[PDB]
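Residue numbers (my numbering), protein chains in the order written: chain E, 1 to 336; chain R, 1001 to 1336; chain X, 2001 to 2336; chain P, 3001 to 3336; chain L, 4001 to 4336. Each residue gets a CB set at the ideal place from its N, CA and C atoms; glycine is no exception. Since the structure comes first, as structure tokens, the remarks are kept for the end.
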Amino acid sequence: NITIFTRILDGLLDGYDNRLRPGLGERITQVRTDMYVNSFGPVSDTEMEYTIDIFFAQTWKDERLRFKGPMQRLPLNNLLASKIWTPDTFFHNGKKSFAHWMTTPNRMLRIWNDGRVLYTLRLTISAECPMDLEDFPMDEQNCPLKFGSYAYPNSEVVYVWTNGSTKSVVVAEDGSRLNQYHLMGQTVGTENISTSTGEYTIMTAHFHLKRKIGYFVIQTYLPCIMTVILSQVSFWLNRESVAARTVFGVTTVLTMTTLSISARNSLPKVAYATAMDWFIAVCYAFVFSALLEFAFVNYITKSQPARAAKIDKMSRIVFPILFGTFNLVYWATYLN
Amino acid sequence: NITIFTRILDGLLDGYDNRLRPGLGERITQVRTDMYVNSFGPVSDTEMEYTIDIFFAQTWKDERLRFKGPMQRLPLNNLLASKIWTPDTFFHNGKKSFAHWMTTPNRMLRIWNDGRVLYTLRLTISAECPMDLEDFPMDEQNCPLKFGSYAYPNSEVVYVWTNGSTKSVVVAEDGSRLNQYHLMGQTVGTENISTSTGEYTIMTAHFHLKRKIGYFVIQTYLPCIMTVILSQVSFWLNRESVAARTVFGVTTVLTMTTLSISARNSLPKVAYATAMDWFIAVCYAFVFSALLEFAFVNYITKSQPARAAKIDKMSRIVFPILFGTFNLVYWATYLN
Amino acid sequence: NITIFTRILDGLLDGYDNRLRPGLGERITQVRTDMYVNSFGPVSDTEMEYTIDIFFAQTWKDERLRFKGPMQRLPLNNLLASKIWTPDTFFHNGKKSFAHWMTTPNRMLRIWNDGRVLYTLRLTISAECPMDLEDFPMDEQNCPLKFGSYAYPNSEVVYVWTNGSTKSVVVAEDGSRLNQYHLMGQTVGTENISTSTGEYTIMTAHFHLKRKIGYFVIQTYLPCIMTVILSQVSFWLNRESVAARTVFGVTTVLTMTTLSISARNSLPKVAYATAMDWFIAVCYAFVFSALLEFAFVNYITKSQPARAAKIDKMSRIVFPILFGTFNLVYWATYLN
Amino acid sequence: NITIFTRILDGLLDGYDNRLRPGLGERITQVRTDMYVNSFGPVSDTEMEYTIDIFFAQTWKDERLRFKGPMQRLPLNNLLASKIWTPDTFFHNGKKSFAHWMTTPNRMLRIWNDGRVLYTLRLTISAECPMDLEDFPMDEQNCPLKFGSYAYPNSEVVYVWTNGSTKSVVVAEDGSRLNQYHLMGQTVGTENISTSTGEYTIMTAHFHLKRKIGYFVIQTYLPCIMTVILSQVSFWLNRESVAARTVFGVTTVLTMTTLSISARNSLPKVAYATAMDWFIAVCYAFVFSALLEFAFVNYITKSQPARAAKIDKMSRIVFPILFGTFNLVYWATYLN
Amino acid sequence: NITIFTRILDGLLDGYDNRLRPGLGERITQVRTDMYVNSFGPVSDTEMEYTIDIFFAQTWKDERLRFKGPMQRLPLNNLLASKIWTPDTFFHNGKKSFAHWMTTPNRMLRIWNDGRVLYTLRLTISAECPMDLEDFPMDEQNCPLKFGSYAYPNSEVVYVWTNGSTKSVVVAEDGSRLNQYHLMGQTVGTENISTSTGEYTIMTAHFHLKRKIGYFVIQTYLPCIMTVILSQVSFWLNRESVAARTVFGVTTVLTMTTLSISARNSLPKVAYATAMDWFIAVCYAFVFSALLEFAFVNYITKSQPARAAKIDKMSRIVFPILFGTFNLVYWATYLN
Ligand SMILES: FC(F)c1ncn2c1Cn1ncnc1-c1cc(Br)ccc1-2
Ligand SMILES: FC(F)c1ncn2c1Cn1ncnc1-c1cc(Br)ccc1-2
Ligand SMILES: FC(F)c1ncn2c1Cn1ncnc1-c1cc(Br)ccc1-2
Ligand SMILES: FC(F)c1ncn2c1Cn1ncnc1-c1cc(Br)ccc1-2
Ligand SMILES: FC(F)c1ncn2c1Cn1ncnc1-c1cc(Br)ccc1-2
Ligand SMILES: *[C@@H]1O[C@H](CO)[C@@H](O)[C@H](O)[C@H]1NC(C)=O
Ligand SMILES: *[C@@H]1O[C@H](CO)[C@@H](O)[C@H](O)[C@H]1NC(C)=O
Ligand SMILES: *[C@@H]1O[C@H](CO)[C@@H](O)[C@H](O)[C@H]1NC(C)=O
Ligand SMILES: *[C@@H]1O[C@H](CO)[C@@H](O)[C@H](O)[C@H]1NC(C)=O
Ligand SMILES: *[C@@H]1O[C@H](CO)[C@@H](O)[C@H](O)[C@H]1NC(C)=O
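Set out below in structure tokens:
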């Protein structure tokens, strides 16, 4: 009772032209698409790209595949996929996507007696995410995903999300395993682009990414915060100890500088100032300013000692407060 | 006496449809799988992936291949593999797996007169291992491996480990050659997932990894441990030696900071604090606190010298004990 | 009403030799080309290459494809592309270009009843950009793109930009997403090369790149500028403070040196001096010269103290002015 | 007189089944193998792998290819290689091997009238070398190479080195161009493995690698050796010079630490101590101990100056001798 | 008038055996080769390899392709290339070469009525260049390129440069765009190798590379040269300034050491001393020796002050001269 399926299958491929879309010159082909994100790959900030794995699925109606038999469905594999017509779907925003040919080309094809078809596939896409690091690291990146027909304009093939925009895109609970980002939600949209080769429908999906702070705090902020405190210890030393206070300010300033250099190594070479850079600059001012106060004090301690002591004692209560006050404004502004 | 085999082989492929699973619409195909891990590839903590090489094997019953002849077995190669039906097995947790086509596509196919089949294959899989580095480096990672049918639901194709769960998975003695991990054992499990395309059976194998400490001790802990001791030498110096004690504390603190920066370079950019980070912070407190004691002592040595000497002498017996006491609690807690 | 298209398509491929160009031995084939840059990939200064993605398009007239039917156009896909003749276009300046085979080979083929053809394609090209970093970072790189026939000389196949040189090349608004470069415009040109295998027409497109400064200012210039100021603080200290002033000059000089080493790490290993290098050298002279002044002052303070004070006080008003004056000339010269 | 060869060639392929080994069910196929190492690729200690290029050659007897003609040999190329049966040879120890398809698939096939065959091939193998870095850098690594049949057990196909074990493996004089290793010789062995799929013969070749020291001496040992000497200069300074001697010991100790961190960067992350690590630790003790002596001396110079001078003067003659004595034992032990 | 070409083409392929070389068993096939280097890729000193792009061309006589028609030449493309016989040329010195399949496989095939053939091709070769860095950076590397037949010995196929050895190899003016090397010229040679599979002719081409100094001067020499001068400033300071002179020598020595470590990072891990290493060692001696002089002076200033001043004053005129004298000998020796 297996040879019956072979006879049914052969009839479908008899005279089936895979170079022609269904309903050619009779109507507009309608494609219903759903996606399941197996795992959201790492996001490369330097390259402005994010890898992703998805079980991309498509559905369309083809009368040429109509058949009648005891079985209402015909599970198949990639062997018959190339023997029929499939949409020339491509990712406009993608850069380099490679398929999975292990163990067998990962493609499932299902056909119903009514002629409805389902051609799912597994993909790995190194899409590009243009990020505006103006509020880095307190930023909410919106990395989009776009795909559509490469040869069939909007007047022939139309892509529409299936079962609404709610269950069209699904993300696995463990799939979202980013180290420096925290996925919040997904949105799906549609648009038309009027290129030189006619209008083309575009299916757009956006993933809302909220960067999870804590790595930079342990890596950049705390060394800078503790670096500033180290300089302020100099104000608790005798003025005549020129050598002692010199080491604090001099060593602290250089240590402040190298942190800025090291911090941007991981960060992309953006041609503007981020929020972290402003914080570093402010920390640089405190340590640098403390050195100026010591230099100024030593320049007048031999002429007006009375004012020299007042400034040094006052600095012990001014600089810590300003740095503390600045942090509250900085953190509150960017955490609200 | 070789042409007889050719005639037998030709009959099997005569009318054999490779697009249809055996026992279609008559029963549920049963697949028995066994694995042999030739070598457990390196584990990339940064990318949360682990390479592995396996001689993946599969077995199933197909009556269409029944034959009678003098030989009870028909060893073959990849040439005939594509001429018949094979399961569309795929690794759900895999990211990028490439086959070995050297010297010849590494595939062995064996057939018995009863119709039983054996289709073994050699694979290299860059699977993903989600790790929770909360107790790093004292962690017991459990990197799983998952695979199953891509097109045939649980109602048609079922995967089961052969000869129980003991000898189903085998690891070579020299295959486990990890540098920073020590494999302890393996476990195999089965589960069903109810996706939008029906239920699918999943074969899950977990490898218990116990990180072997000793690289971080020579790389991070000892420099930190010796860094703390260097600061404590300052307490064995005259109070008036402001410049001498300043270099110890100031240089030590910065050296402590850079170790934290360098240590996390190899570690993944995790947005939380690991056990090692807490140890570094404690070491930072000792060196930083010693500097505060020196600064405080110098602030009062001109007013109450009597108490200044007591604190300095006391510090020689307090700080070493606290650091030593902390280590025992830290090591004992994370080594138990 | 679909079988009619199949009959029309079959007639075109009946006796169509894809090894022979249209109009062989009768005229010269004319090819009209247009380009759309989906995204200008990153520019690797170290490797002198720039990635780019384009929807390269070609057009030519072929009488062998003439047909008459109800439909004036025949949208198709890659399936029929290999069945006909296409130009052997190649990128002379390219190094490694790979096509996009996801989801389906991204190729659109359109045919009109008149015989006109359109064979568009999506490409990713790692072209090479020879850059002259004499005025780095104030440079205007002109990265060209070249392509032409590999087998058909200028006497048989000619490439010409379509619809003039204005709309021939189009760049997406969001496609130009470079981090350290700011695209200004594009130019297209044509030329002939007389190789040993006859004359070949070459289509050349140049992209005008204006480097966007701001990353190096925050990375190299400012640390150098602030490094110089740190040394000048020494002039505001007592002459007898040999140890204090020694740390400033000595530490500053070494910090100046390492910045030069670190700065060139990202920069390509060019065997000549860039504008930034000259700026670093000048900054090195100021810090180094300040150390010499301190050494010279200490060498005479025991013999002629009167002149020692004058030089130290004078230096407080000379070095800052010269460094400030130099910057205006340096920035004005390279920003004009 | 060329058409005669075509007729002879056609007869051989007439009825030749490439899915069946020669002498099936009549005897055991015997394969003679010889190798020529064109170049021993770089050895990646971090990845425990070594690239290699070889003109792997195989020989076997096939009566189905017997022919009679004027020419006793039939040089051919890869075109006919796929039309006949070839062994399913694979490298058990290999990880990722890719063939050379430039300019043409590099395969030479030769056939004699007697039926003897020769199927040579060019390969690039990224084999894995498990190294025991217990005596690093004074180690003699033995990187093996293993290959055998993937589908044919020992009872059907047997691999044997040709013309003995002397000329079976040949290495080019200029092929061995390793930077940090010095090849000494090669050994070839055979063994049987009783897997779950029957016995399989294995051809094993071992390359004796003797690491050539001199890079680490200029990179690690000498900086450590000179670093120790720098500290010992402190003993030639006045005791009251607390600041001067402090810089020597303090700066030296930190410089000693960073060398250990930098040294292991190139070295694999091995979870144990190497010989170099012990040498570094000993050097650390000398510099660290010298600091303790200075601290201890300053702690008693105000109470018992007489003994303070004796220790300082004695240290000038003790520490240099112990460090010198240690080196002779260390170098002699690991160089014998 | 196009169908005539098709008929002529069909006749050539009628009975044309592509597995047999022309003139089999009648004469020795002669192949004339010419090369055009489009661009000399980067030279990786670490991997001892150099990328290169070439329009490799071959020519040979085949009587089987003789034809008579109005056109004396038959331009073609890769479509017909696989239908005929081509030499099995391979690069003996190559490691990994990949062809260019964009937009179409870059292959031009031309045939004349006389039977002469021309099969040009575009290649990218990652050849290996064994370099002897004994005089680094003043070295004249000679990177060779070798190729020949893989299956046809010298008795059947012979490779000879066309039109002499002058115009056989051509390099584009802009193709030579190396950053740290300056190409001077090219040489072409021929040789025979008597392997186990008969004699094989080898075509060898050598490219004379003259390293262009200037990157290392700005990167290594100048920091070392200026580092030495910094130490010599100490001799212009009062002897009793123990702390001041200590910082110069101590800081300078460590800075000298790190430059050696950093310099060799780019350089390959060669197990011997280069010219630059000797220069660094000499610079190390000057800075290290200056420290010894200061230590020795301070050891006797309390016993024989008269000689202490003489040595310090003398050192101001000795060390600068010796370092200056050494440079002239060093530069003159390696620049002649
Ligand atoms: F005219 C050619 F450049 C061309 N070749 C393919 N396309 C185009 C037009 N074009 N311009 C930008 N993006 C496109 C586009 C978008 C979709 Br969706 C499908 C096909 C194309
Ligand atoms: F519905 C589509 F998205 C789809 N295409 C393939 N699959 C699915 C369902 N799906 N969702 C997550 N994982 C799967 C899955 C699991 C196995 Br095992 C086999 C096939 C699929
Ligand atoms: F004579 C051979 F070396 C050769 N083989 C292909 N070409 C050449 C001539 N050549 N030299 C440099 N660049 C070329 C060139 C340019 C175009 Br456009 C198309 C083909 C070629
Ligand atoms: F039983 C399966 F796992 C299996 N599939 C292929 N092989 C095996 C047995 N096996 N286990 C480890 N190594 C092997 C081996 C060795 C040679 Br040589 C040839 C084939 C195999
Ligand atoms: F005998 C086998 F090892 C073998 N297989 C291919 N070759 C050889 C001989 N061999 N040894 C080193 N280099 C070669 C060589 C050189 C040329 Br040119 C062409 C073919 C070969
Ligand atoms: C795109 O085109 C379709 C068909 O004309 C239309 O229904 C839809 O509204 C268009 N979408 C937009 C955003 O204009
Ligand atoms: C999976 O499905 C099979 C068949 O229904 C069943 O026997 C098995 O118990 C199921 N497994 C689980 C974990 O539910
Ligand atoms: C290239 O050749 C064509 C045809 O001869 C000619 O029309 C054109 O002017 C030439 N271009 C140049 C730059 O010489
Ligand atoms: C391997 O098997 C063969 C055939 O039985 C035998 O001759 C040979 O001695 C065996 N080798 C070893 C090492 O046992
Ligand atoms: C190589 O062999 C050919 C043919 O025998 C001969 O003419 C030529 O001189 C040989 N070359 C060398 C270098 O011996």
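Buried is the label assigned to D2053/X, since at least 16 other Cβ atoms lie within 10 Å of its Cβ. Contact check for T1333/R against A1263/R fails: the beta carbons are separated by 7 Å or more. Here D3034/P carries a strand assignment [DSSP, helix/strand/coil].
Distances from the CB of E2191/X to the heavy atoms of ligand 8 include at least one below 6 Å.
Sixteen is the threshold: since fewer than 16 other Cβ atoms of the shown chains lie within 10 Å of the Cβ of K310/E, the residue is exposed. Contact between the region 1255 to 1275 of chain R and the region 1040 to 1056 of chain R is present: 3 or more CB-CB pairs across the two stretches fall below 8 Å. Put simply, the residues with a CB less than 5 Å from any heavy atom of ligand 3 are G2148/X, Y2150/X, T2195/X, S2196/X, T2197/X, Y2200/X, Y4036/L, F4055/L, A4057/L and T4120/L, in chain order.
Contact note: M4108/L reaches chain X through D2088, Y2150, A2151 and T2197, using a C-beta cutoff of 8 Å and chain order. At least one C-beta of chain E is nearer than 7 Å to the C-beta of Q2180/X. Within 10 angstroms of the beta-carbon of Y1272/R lie fewer than 16 other beta-carbons, which makes it exposed. For the pair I2202/X and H3208/P, the Cα-to-Cα distance works out to about 55 Å.
Residue range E140 to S149 is occupied by the beta strand (DSSP E) that includes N142/E, with no alpha helix (DSSP H) assigned at that position.
With respect to the 7 Å criterion, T1204/R and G1185/R are not classified as neighbours on the basis of their beta carbons.
By a beta-carbon distance limit of 8 Å, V4242/L contacts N4298/L. Their separation comes to about 6 Å. The Cβ neighbour count for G148/E, taken over all protein chains shown within 10 Å, is at least 16; the residue is labelled buried. In the three-state reduction of the DSSP assignment, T3258/P falls in the helix class, which pools H, G and I. With a 10 Å radius around the Cβ and a threshold of 16 neighbouring Cβ atoms, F2090/X comes out buried.
The distance from the Cβ of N192/E to that of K146/E is about 12 Å, inconsistent with a contact at the 8 Å cut-off. Boundaries of the alpha helix (DSSP H) harbouring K313/E: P305 to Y334, taken from the DSSP string. Look at the region 1209 to 1226 of chain R: the residues with a C-beta under 8 Å from a C-beta of chain P are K1212, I1213, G1214, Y1215, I1218, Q1219, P1223 and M1226. Every unbroken stretch of the alpha helix (DSSP H) spanning 4 or more residues and falling wholly within the region 3021 to 3089 of chain P is given here in chain order: 3078 to 3081.
If you look at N192/E, you'll find it isn't in any alpha helix (DSSP H); it sits in the beta strand (DSSP E) that goes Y181 to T195. Here the alpha carbons of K3095/P and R1122/R stand approximately 11 Å from one another. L2012/X and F67/E have their C-alpha atoms some 31 Å from each other. When DSSP states are grouped into helix, strand and coil, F98/E belongs to the strand group.
Runs of the beta strand (DSSP E) spanning 3 or more residues and lying entirely within the region 1197 to 1257 of chain R occur at 1198 to 1211, in chain order.
Between the C-alpha atoms of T2006/X and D17/E there is a straight-line separation of about 7 Å. Chain-order list of chain E residues neighbouring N1018/R: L79, by C-beta distance under 8 Å.
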